[PDB]
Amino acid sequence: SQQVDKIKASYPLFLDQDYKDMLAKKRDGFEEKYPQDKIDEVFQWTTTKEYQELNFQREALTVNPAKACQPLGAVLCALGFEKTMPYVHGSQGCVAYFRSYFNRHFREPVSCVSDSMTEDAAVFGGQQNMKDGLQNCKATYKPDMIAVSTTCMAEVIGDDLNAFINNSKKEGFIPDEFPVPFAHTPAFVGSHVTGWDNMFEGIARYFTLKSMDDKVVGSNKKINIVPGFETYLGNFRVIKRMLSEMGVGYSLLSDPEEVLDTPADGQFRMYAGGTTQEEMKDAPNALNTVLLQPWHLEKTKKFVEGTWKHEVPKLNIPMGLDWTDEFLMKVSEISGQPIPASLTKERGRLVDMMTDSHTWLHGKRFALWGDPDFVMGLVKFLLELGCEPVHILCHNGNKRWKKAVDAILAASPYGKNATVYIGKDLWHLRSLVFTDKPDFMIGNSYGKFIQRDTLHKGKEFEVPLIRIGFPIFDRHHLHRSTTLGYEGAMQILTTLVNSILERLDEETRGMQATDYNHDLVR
């Protein structure tokens, strides 16, 4: 039944007695469901140390991973270039998923095409798909550039991207001067961030490799900035804002902030802003190149150093106080520009917030996960706040990265109870937050199912989730936030302290039971 004056959606419609009795009859009559006491027994078992030890013995099964496949990052990299169409050579199902995944995180259109390789192509390659696909794409959507990656089926069969594209130009399907950079992005190697590195190195190769004779380091007096896989709009804007405040000439290579934030003014803009082909052609003339996320920009670093002859400085991701400081001092040394008073004052205002909030942050235990560069920056900032990052999980991390993070933890008393996990998924983390309960989780939307599970054991065992990372699907507009620089540190700080205070207010809201501590002033 429905009352027209107060219509009920699925929740709480199906809580009505007639629906509740109906679901009970379906269960008892035909579902052949395990009895409830057996379900509770098994659930309680999955929260124990015994289950965790079996859980960590896995080596063939992955449950709730915290990573995606390469071509997803290759798409995000391509979208950062002006009038550029991402183009995934292979099966069209992947592109439907790529667009939907980004659609839901940014809540914006995401343009990407496929050449729709099918069963027949599995036997004789997708050369014809490339010829017709490139010509159809250029004619229909009028891009200035097409950046080609690959799905896993095209990688298994062994399609030669270089040859197929050259034949498309040779046979007259697209003009020979039309830029078509390419990169092999195998889903069964690395993760989405590896796909970002591969796509970017491919685009850099395309525009510089053969034209290195007339280049000389530093002639354009700019600094190249390579962001890497970055899903926060504010992180692109804060980097450009700080360098502009310093008067530093810079070149952001792959800049999707405009195309992922077009205005709703009556017209759909498929393309917007982005790095120009001219900026890529001229990049070798920069003073140097800074890699914002070096732990998944390995391939790009080798090319920038090997071919452009730039001496990429050893810099951590500019997150937190120390690493933002070092980033600015290195930019100052390279450009010859002093750090302006405005950034000095902004730094002091972040420190002021740290002093004002340090009593609520001290000792708070956190589990967290994400991509390698983002995680260690988050770990670094937590230690600076006096927090304990007890559970550090990076599904797509490697041994060399874990060694670095372990050194960061050892250099602080707040890293004493911390452990770094690589190759583990969110079902591994579920066990960790049960057997070694932290105070909060910091992670993407998939963590909400770990919070649900902890609450089922008990209110005193619930581990609330703080959404910082990718993807974020169940809140709106957090993709506009910032995590880099002093600005990002202030936003993270504010989110952490107020999550602690919100949780405290809830636990002290019971009248005449716990509301003695329901303070007005905190």
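Just count from 1 along the sequence shown to find any residue number.
Checklist entry - Should the higher mean CA B-factor in the entry be assigned to 303-311 or to 105-113? => result Mean C-alpha B-factor is greater for 303-311.
Checklist entry - Comparing 214-222 with 433-441, which stretch shows the greater average C-alpha B-factor in the deposited entry? => result According to the PDB entry, the answer is 214-222.
Checklist entry - When you compare the CA B-factors of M199, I174, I146, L382 as listed in the entry, which one comes out on top? => result Top of the list by C-alpha B-factor: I174.
Checklist entry - Say you rank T324, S100, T355, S412 by Cα B-factor from the PDB entry; which sits at the top? => result Comparing C-alpha B-factors across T324, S100, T355, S412, the top value belongs to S412.
Checklist entry - Against its chain's modelled residues, does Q17's Cα B factor rank lowest, middle or highest third? => result Middle third - that is where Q17 ends up once the chain's C-alpha B-factors are sorted.
Checklist entry - Which third of the chain does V42 land in by C-alpha B-factor: lowest, middle or highest? => result Highest third - that is where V42 ends up once the chain's C-alpha B-factors are sorted.
Item to check | Chain-relative CA temperature factor third for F178 | outcome: Within its chain, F178 is a highest-third residue by C-alpha B-factor, going by the deposited values.
Next on the checklist: Please place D120 in the lowest, middle or highest third of its chain according to the CA B-factor in the PDB entry.
Outcome noted: Ranked within chain, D120 CA B lands in the highest tercile.
Next on the checklist: Can you tell me whether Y271 has a C-alpha B-factor in the lowest, middle or highest third compared with the other modelled residues of the same chain?
Outcome noted: Within its chain, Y271 is a middle-third residue by C-alpha B-factor, going by the deposited values.
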